[PDB]
Amino acid sequence: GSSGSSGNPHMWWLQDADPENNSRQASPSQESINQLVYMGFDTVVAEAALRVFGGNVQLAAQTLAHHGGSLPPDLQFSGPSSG
């Protein structure tokens with residue numbers, strides 16, 4: 001990955017409740033990511049997680065929790081892995 005510690009602005013303070021939230025494969029949603037960070041997962045991990053599991057806050061947590069921040073190092077046969 002890449003160092004993550006203060007850089008991009010959170011942006012989108014308030015306003016606009018639901019801009020575009022449909023049940024279709026696509027990038028994650030701030031909230032979905034924010035809701036993740038809450039559980040105890042670096043945003044990056046949250047965003048990366050959602051991406052891993054397509055974009056399921058649960059699927060992510062289900063793992064992020066089970067594992068406990070770190071993601072599955074053996075989730076993808078050939079891909080990213082600390083090892």
Scan the range 57-83 residue by residue and report those that are among the small types (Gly, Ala, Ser) and in a loop (DSSP other than H, G, I, E, B). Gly69, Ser70, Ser78, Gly79, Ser81, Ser82, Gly83
Determine whether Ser82 is farther than 20 Å from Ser2 by Cβ and loosely packed, with under 13 Cβ neighbours inside 10 Å. no
Which residues, taken from the range 57-66, are farther than 22 Å from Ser29 by Cβ and surrounded by 13 or more Cβ atoms within 10 Å (Cβ to Cβ)? none
Residues within the range 20-56 that are in a loop (DSSP other than H, G, I, E, B) and either touching a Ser or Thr at 6+ places or on another chain (Cβ under 7 Å) or surrounded by 15 or more Cβ atoms within 10 Å (Cβ to Cβ) (or both), tallied: 8
Does the range 5-19 include one or more residues that are of a type in the set (S, T, N, Q) and either in contact (Cβ under 8 Å) with a residue 24 or more places away in the chain or surrounded by 15 or more Cβ atoms within 10 Å (Cβ to Cβ) (or both)? no
Would you tally the residues in the range 46-81 being closer than 12 Å to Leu36 by Cβ, among the hydrophobic types (A, V, I, L, M, F, W, C) and over 11 Å from the mean Cα position of the chain (by Cα)? 1
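Coordinate-derived values only; no laboratory data. Virtual Cβ from ideal backbone geometry, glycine too; neighbours counted across all protein chains shown.
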